[PDB]
Every structure is written in structure tokens, then in C-alpha cells.
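Residue-level structural notes
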Amino acid sequence: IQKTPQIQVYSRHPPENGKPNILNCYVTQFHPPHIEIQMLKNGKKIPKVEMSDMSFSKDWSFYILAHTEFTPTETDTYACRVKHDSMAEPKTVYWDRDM
Amino acid sequence: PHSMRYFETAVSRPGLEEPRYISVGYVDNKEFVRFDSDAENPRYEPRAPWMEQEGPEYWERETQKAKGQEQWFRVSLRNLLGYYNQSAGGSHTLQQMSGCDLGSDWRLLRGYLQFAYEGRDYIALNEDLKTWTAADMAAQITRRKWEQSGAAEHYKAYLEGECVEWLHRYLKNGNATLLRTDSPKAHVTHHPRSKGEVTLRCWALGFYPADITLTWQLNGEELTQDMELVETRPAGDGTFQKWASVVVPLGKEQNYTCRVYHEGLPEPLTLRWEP
Amino acid sequence: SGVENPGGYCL
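Each chain has its residues counted from 1 in the order its sequence is written, and this count may differ from the entry's own numbering; any residue lacking coordinates is left out. By the order in which they are written, chains take letters starting at A while ligands take numbers starting at 1. Remark: hydrogens and water are excluded; side-chain values derive from all non-hydrogen atoms of the structure.

Looking at the entry header, you'll see X-ray crystallography listed as the method and 2.18 Å as the resolution.

This is the structure in C-alpha cells:
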């Protein structure tokens, strides 16, 4: 039995174009624990994505937090791509400053 | 109320004998210690500033216990493979959650000891700390075997003694940190949704602890249904974030108000959309 | 301080 990951992509601080911030990709609710996460700027993998250590919640499902430095702008796009055995293909979720 | 929990995971690796073992300790839901067998030099490490108070003896003892848990999980993983008639190779998971909750009277309120296999309930110790609850047939085998060994007494003694003893110590040691709050910084955003309708999103950021309540009101009434509430998420710096939105008729944004409730707020906030 | 699962009491 496999649980499909839930994914939230958001910034640590409210976003202002041109100002340095931190981009988060919080992945939860999945099983098995093996998972592969990439954070992208314009469809290009971002170099230093820090990965928090793995943990699990009271319902046994696993979670983890990937994050990296980024400077939001008007036209650059950001996303988090998650590859997991629960899905037939990698899932890509775009950063939406309104969320 | 207060609590302490140790969440442990052992994962079988195809083509390897020793499983990947990870243990994380929590006090009031905040990570304070961690052990990972994949580290260069497997050792329990402090994860909260107030744990730097513990001497080298503490870490030594804890690290030894981890080495023991690794072997227990290793042998147990092997057993379950037979109980379920699973093919060799493949990867499997075994998890455990143990700990205690203290009430307002700071006295013991309850102990916990639960195991899960493949991310699903396997066997758990009942609140009496004497009987076991097996979730399926395979688990009944383990239950029957443990009823004979008085395995429960062992766990009962840890949950009513050691668990209680250290939770009080950690609470005393990390008091200024664990008991603090960071009240939320909130605001309301306005967004287009569709023909004559817009979304009002009420944000709550940088708060701590995680517990919080956000509500929307139209004409003095609560909007439970019609309100979209995201899942609380970490900012990454120790604080949390959450927002709640509602879709509203364009030209009536002012008729809606957001309320924010949090331990760091002696009085709840009241916000409105502000053009 | 974590719990120690009894050595002779595996699943």
C-alpha cells in the first residue's frame, strides 16, 4: 500500500521581487520513505538545495523539507519536482506567491 | 500539557544486511535529539540548544541504546518477512513511537508504545500498559508470544519512570525555549478568482508553537464550509505558517473579517481586506 | 532518554 505525497511550495518570508528569500518544498503524507526531490528555477535544477532530515507523523506517514535560497522576480519560475514510487511519473508543483 | 516521544524507523535495504535506522526524540512536538545509522560516525546528536547541557556520558549511553535498537529492529524485520511470506530482496519498513504525556497537573497522564510495519499499524500497547492490541493475523502471533514474556511490564516501567523523569528534566532545562511563544504576524491578500468573484486569503506567519486557529466571518457568522484552510507548514526557521481563504462576491470584500487565535495572543486578531 | 526494546522480545 502506497501513499502519494502531498506537496507545498512556498517562501519563508513574504516575497518581494529582487529581494533574497528562502524557497521551501514541504513534502508529507508519503510511503515508502524513499523519495527524490528537486527544486527548479526555470526548469533547471537549483545547485544547493538543503534537505532537512527525514521524519514521520503520528499516522506513520513520512515527511521532509527541502529548501534553498532564491530571489523571486517577475518572470523567473520556481518549482519542486518529486519522484516517488506512488506515482507513475515525477510530480512538479510550481511556486505560487499567492499560496 | 506536555509530552515526550521517540519516533524510530528501520528500513531494510535490498543487498544489505544492516537496515537504515533513524531515531528522533521530541519534547512538546519539538525535535531535540536525533540518531542516524547512515552518518559517518553513528551517534545521538543534540537538535535543541538546551541539550548542550548534557555531559558526554548522556550521549554515550543514548548512542549505545541506539546500537541495541538497531539489532532489535534488524531481527524483527527478518521475522515479519516470514510472518507475511514476503520474497527476499525488496525493501520493508518497521516503525515505533514510544513516550509519555503529562497533564496540567504535570503528573503522568498516559504512556504510548506502537509499532507499524510497511507504514501500517502492527501492534500497540493499550493504555493500561499491560495488554496488547494486534491489528492483524501476523500481529496476533507477536501478541501471543509477548503475553508469555511479560514484555509489557518492561515498557510499562520505562513509560511510568524513565520517560517521566527525563521529560521533567528536559522541561526544566529547555524551559525558556519550550515555553516561549512567537505570536503570528498576519495580513489579508486579495486575488481574482472568476467572473465577479475574488479570493480573500488570511495569512498567519512566523508563529510558534504550531497550534493555531483561523476563521472567516460574514455578518457575524462562522464560515467553516466555504473556507479553504491549508495545512500548517514550517517556515524552516523554527516557526510556522498557515492561511485560510474564502471566495467572495466582488464588491463585498469589506463584509468579511478574519480572526486569528494563538497562545501568544492574549486577544485574537481581527483583520479585513484593505484596498 | 529513549526506550530500549527488550533484547529477547522481538516481533
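Read on, since the account is not over.
Quick notes on the overall build of chain B
The numbering of helices and of strands both runs from the N terminus, where a helix is a DSSP run of H or I of at least 4 residues and a strand a run of E of at least 2. When you go through chain B residue by residue, the secondary structure sums to 4 helices and 17 strands. Here the globule rule reads 2.2 Å times residues to the power 0.38, and the radius of gyration is calculated from C-alpha atoms. The C-alpha atoms of chain B give 24 Å as radius of gyration, which overshoots the globular expectation for 275 residues (19 Å, by more than 25%). Its C-alpha atoms put chain B at 70 × 45 × 40 Å along the principal axes. Here, residues are in contact when the closest pair of their heavy atoms is within 4.5 Å. In chain B, 53% of the contacts between residues at least 6 apart in sequence involve partners at least 24 apart.

Some details on the sheet that holds strand β9 (residues 91-94) of chain A
In a beta sheet, neighbouring strands pair by backbone hydrogen bonds and run either parallel or antiparallel. All names here are of chain A. A pair of strands is labelled paired if DSSP reports no fewer than 2 bridges between them. Read from one edge of the open sheet, 4 strands run β4-β3-β8-β9, paired in antiparallel fashion. Each end of this open sheet is capped by a strand with a single partner; those strands are β4 (44-45) and β9. Here strand β3 (residues 36-41) runs beside strand β8 (residues 78-83); their pairing, made up of 6 bridges, is antiparallel. In the strand pairing of β8, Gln38 is matched with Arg81.

Concerning the interface of chain C and chain B
Where the parts come together, the accessible area they lose is often given as the size of the interface. Contact with chain C, which involves 10 residues of that partner, is made by 33 residues of chain B. Buried area: the sum, over both parts, of the accessible surface (1.4 Å probe) that disappears when the two are put together. By the criterion of area lost to chain B, the three top residues of chain C are C:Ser1, C:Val3 and C:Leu11, representing 50% of everything that side buries. Within this document, salt bridges are pairs made up of a side-chain nitrogen of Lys or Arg and a carboxyl oxygen of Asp or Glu, the two lying within 4 Å of each other. Our count for the contact surface shared by chain C and chain B stands at 0 salt bridges. Any pair of N or O atoms that falls within 3.5 Å is considered a polar contact. Within protein, one atom must be able to donate a hydrogen and the other to accept it, and sequence-neighbouring residues count only if both atoms are side-chain atoms. Remark: the boundary between chain C and chain B carries 21 residue pairs in polar contact. Its residues assigned to classes, the side of chain C that touches chain B comprises 5 nonpolar, 4 polar and 1 charged. Just so you know the grouping, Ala, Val, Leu, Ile, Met, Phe, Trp, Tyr, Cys and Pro go in nonpolar, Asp, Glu, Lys and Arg go in charged, and all remaining residues, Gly too, go in polar.

Quick look at the packing of aromatic side chains
Residues and elements named next belong to chain B. Aromatic contacts are taken between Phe, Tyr and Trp rings whose centres are within 6.5 Å, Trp giving its six-membered ring; a plane angle under 30 degrees counts as stacked, one over 60 as edge-to-face, and the others as tilted. Within the structure shown, the criterion is met by 26 aromatic pairs over all chains. Members of the aromatic cluster, connected to one another through ring pairs, are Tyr21, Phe35, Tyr44, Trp72, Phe73, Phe115, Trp132, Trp146 and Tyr155. Geometrically, a charge over a ring is one whose NZ (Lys) or CZ (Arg) sits within 6 Å of the ring centre while staying within 35 degrees of the ring normal. Taking the ring centre of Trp243 as reference, the NZ or CZ of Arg201 above it sits at 4.4 Å.

Let's talk about unusual backbone geometry
Of note, the bond from A:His31 into A:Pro32 is cis; its omega dihedral lies within 30 degrees of zero at 0°. Tracing the backbone through its elements, the reader meets A:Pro32 in the loop between β2 (21-30) and β3. With an omega of 0°, the peptide bond between B:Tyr208 and B:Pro209 qualifies as cis. Examined against the element boundaries, B:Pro209 turns out to sit in the loop between β10 (197-207) and β11 (213-218). A positive phi is found at A:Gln29, a non-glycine position, where the angle reads about 65°. Summarising the element assignment, A:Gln29 is placed in strand β2. Located in the positive-phi region is A:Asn42, a residue other than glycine, with phi close to 55°. Within the element layout of this structure, A:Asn42 appears in the loop between β3 and β4.

Focus on the arrangement of the chains
Where the 2 pairs of chains in contact are concerned, the greatest contact count is recorded for chains A and B. Between chain A and chain C there is no contact, and the shortest C-alpha to C-alpha separation is 16 Å.

Remarks on the state of the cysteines
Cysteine sulfur atoms that pair up within 2.5 Å are treated as a disulfide. Per the stated rule, a full pass over the model turns up 3 disulfides over all chains. Covalent S-S linkage joins A:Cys25 and A:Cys80, the inter-sulfur distance amounting to 2.0 Å. Here the disulfide of A:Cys25 and A:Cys80 is left-handed, its torsion about the S-S bond being about -90°. With A:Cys25 in strand β2 and A:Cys80 in strand β8, this residue pair connects regions lying 55 residues apart in the sequence. Type-normalised accessible area, obtained with a 1.4 Å probe on protein chains alone, sets the label of each residue: buried when under 20%, exposed when over 50%, and partly exposed for intermediate values. Using a relative accessible area of 0% as the deciding quantity, one classes A:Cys80 as buried. Here B:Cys202 connects covalently by a disulfide to B:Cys258, the sulfurs 2.0 Å from one another.

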